[PDB]
Amino acid sequence: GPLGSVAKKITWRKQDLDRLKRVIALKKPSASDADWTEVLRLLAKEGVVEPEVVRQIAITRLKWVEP
């Protein structure tokens, strides 16, 4: 049924990543749950999982890298 890649109950697509990337450029977090709470506050509309996880997702998805 699903694609060949399991990862939570949220299929991170390019369309969903394109938006998040726009937030990371504005908020510009510093690798932290508290900070991610802001960027995730927007994408939260899509029922996104906790920020603690998204922190790593944006890395393996948006090729993000902590400072």
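Above this text sits the structure in question.
(A) Structural context of the overall build of the chain. Across its full length, the chain holds three helices and zero strands. Put simply, the chain runs from its N terminus to its C terminus through helices and strands in the order α-α-α. For 67 residues, the compact-globule estimate of 2.2 N^0.38 gives 11 Å, and the C-alpha radius of gyration of the chain, at 12 Å, lies within 12% of that figure. Taken over 67 residues, the chain has a buried fraction of 30%. Restricting to contacts in the chain with at least 6 residues of sequence separation, those with at least 24 account for 48%. Summed over all atoms, the accessible surface of the chain reaches about 5400 Å², with 49% contributed by carbon and sulfur. Of the side chains in the chain, 14 bear a positive and 9 a negative charge, and the two mean positions are spaced by 7 Å.

(B) Highlighting unusual backbone geometry. The phi angle at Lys8 is positive, at roughly 60°, despite the residue not being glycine. With respect to the secondary-structure elements, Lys8 resides in the segment before helix 1 (14-27). We classify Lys8 as partly exposed; its relative accessible area is 46%. A positive phi angle, close to 55°, is found at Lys28, a residue other than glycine. Checked against the element boundaries, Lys28 lands in the loop between helix 1 and helix 2 (33-43).

(C) How the structure looks around the packing of aromatic side chains. Inspection of every chain in the model, using the stated rule, returns one aromatic pair. Taking 5.2 Å as the distance between ring centres and 90° as the angle between the ring planes, the aromatic pair formed by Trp36 and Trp64 counts as edge-to-face. Of the two residues, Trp36 sits in helix 2 while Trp64 sits in the segment after helix 3 (51-61), which places them 28 residues apart along the sequence. Comparing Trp36 with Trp64 shows no difference in burial state: the two are buried.

(D) How the structure looks around the packing of helix 1 against helix 2. Interhelical geometry of helix 1 versus helix 2 gives an angle of 145° and a closest axis separation of 10 Å. Handedness of the crossing formed by helix 1 with helix 2: right-handed. Residues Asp16, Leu20, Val23, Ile24 and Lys27 of helix 1 form the contact with helix 2, whose own contacting residues are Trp36, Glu38, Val39, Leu42 and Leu43. Each residue belonging to the contact of helix 1 with helix 2 can be placed in one class, and the counts come to seven nonpolar, no polar and three charged.

Thresholds, definitions, all that
- Residues numbered from 1 in each chain as written, not as in the entry; some residues may be left out.
- Heavy atoms only, no water.
- Helix = DSSP H or I, 4+ residues; strand = E, 2+ residues; numbered from the N terminus.
- Rg over C-alpha atoms; globule rule 2.2 N^0.38 Å.
- Buried < 20%, exposed > 50% of the residue type's maximum accessible area, 1.4 Å probe, protein only.
- Contact = heavy atoms within 4.5 Å.
- Areas by Shrake-Rupley, 256 points an atom, 1.4 Å probe, with all protein chains shown as cover.
- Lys, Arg positive; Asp, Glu negative; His and termini not counted.
- Charge placed at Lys NZ, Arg CZ, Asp CG, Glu CD.
- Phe/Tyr/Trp six-rings, centres within 6.5 Å; stacked < 30°, edge-to-face > 60°.
- Axes fitted to C-alpha atoms, helices over the stretch in contact; angles between N-to-C directions.
- Left-handed = near helix turned anticlockwise from the far one by under 90°.
- Nonpolar A, V, L, I, M, F, W, Y, C, P; charged D, E, K, R; others polar.

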